[PDB]
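Student: turn this into a model:
(one chain, ligands or ions: 1)
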Amino acid sequence: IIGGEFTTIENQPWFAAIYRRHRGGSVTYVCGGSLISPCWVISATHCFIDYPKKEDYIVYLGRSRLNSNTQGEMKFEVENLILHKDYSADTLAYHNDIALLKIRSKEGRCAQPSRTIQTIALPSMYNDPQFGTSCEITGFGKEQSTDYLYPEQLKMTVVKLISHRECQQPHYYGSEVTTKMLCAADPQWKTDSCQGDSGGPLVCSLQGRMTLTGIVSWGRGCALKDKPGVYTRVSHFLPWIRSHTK
Ligand SMILES: NC(N)=NC(=O)c1nc(Cl)c(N2CCCCCC2)nc1N
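Tutor: Residues are numbered from 1 along each chain as shown. The protein structure is shown below:
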């Protein structure tokens, strides 16, 4: 997250931190995710497209910090890693950038809701908020496009949904953004998602509900003028999601 503020998991209790354990026994952070039901975390396919063995992944819930344990966090194995069959990557964009991780504790359980863990609601299909709506993003991604390291403390910020019309202009992303995507940015370009935030939630109040409206997918650079963040548009994917979750 570029700009924005530090926060704790209690302010975004659906956020899931996904890591990969290495043969060296080293474990490195991969991407964010969102708990949409007790046994399911939703994230972005591009995060795991290169290494698809479920075995080498670990999901934490209730976690406020990148490389130290947060009191009340839970650790999970990945029982099923479901990557979208129609995923592809273009020059900038990713398509169908959506994945499901069915989580199981080594003791066989799914998530137990707490002060630090809650599911987030999905939207009704094709139901999104209007352009100009303020939504929240959260992650452990870079604080500067140019950083080597990720921050140790969880961050979040606020961005406004952009119109597709606005996003499809040539100076923005032109032809590479599609209707299966959503664009969100700061009006002044101050704050944004970045590398390491992928898979993480874009949350909006829809109806009277905090709803998961997007998944962090891509952008050029981070916090660049006329280069907004692009997110998987969740409302388009209810059939896919329900297929696996039933
Ligand atoms: N929102 C804005 N402006 N950018 C981003 O969200 C964003 N930016 C980058 Cl650099 C990024 N990378 C870099 C390699 C390509 C994709 C995976 C990791 N992923 C993102 N999701």
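Student: residue 237: what secondary structure?
Tutor: Secondary structure state of residue 237, per DSSP: H, G, I helix; E, B strand; the rest coil, is helix.
Student: burial measure for the nearest residue to it once chain neighbours are set aside, as a count.
Tutor: Leaving aside its sequence neighbours, residue 237 sits nearest to residue 98 (CB to CB, 6 or more residues apart in numbering; 5.7 Å). Placement of C-beta: from N, CA and C, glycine included. By the measure other CB atoms under 10 Å, the count of residues near residue 98 is 27.
Student: how near is residue 98 to the ligand?
Tutor: 13 Å (CB to the nearest ligand atom, to the nearest Å).
Student: what's the answer for residue 219, then?
Tutor: Distance from residue 219 to the ligand, by CB to the nearest ligand atom: 2 Å.
Student: tell me the centre residue of this protein?
Tutor: When CA atoms, centre = their mean is applied to the chain, the residue found nearest the centroid is residue 200 (1.5 Å).
Student: can you list the domains in the chain?
Tutor: 1-12+120-235, 13-119+236-246 (curated CATH domains).
Student: quick check: end-to-end length of the shortest one?
Tutor: Domain 13-119+236-246 has an end-to-end distance of 24 Å (criterion: CA to CA, to the nearest Å).
Student: so which bits of this protein are right by the ligand?
Tutor: Counting by CB under 6 Å from any ligand atom, the residues of the chain close to the ligand are 145, 192-195, 197-198, 216-219, 222, 227, 229.
Student: of these, which belong to strands?
Tutor: Using DSSP state E, the subset of the residues of the chain next to the ligand located in strands is 216-218, 229.
Student: from the residues you listed, which is closest to the ligand?
Tutor: The closest of these to the ligand turns out to be residue 229 (CB to the nearest ligand atom; 2.9 Å).
Student: quick check: that closest one touching residue 221?
Tutor: No. Between residue 229 and residue 221 there is no contact under CB atoms under 8 Å: 10.6 Å.
Student: higher neighbour count, those two?
Tutor: residue 229 (26 against 13).
Student: can you pull the contacts of that one?
Tutor: For residue 229, the contact set (CB atoms under 8 Å, 6 or more residues apart in numbering) comprises 137, 159, 183-185, 192-193, 216, 218-219.
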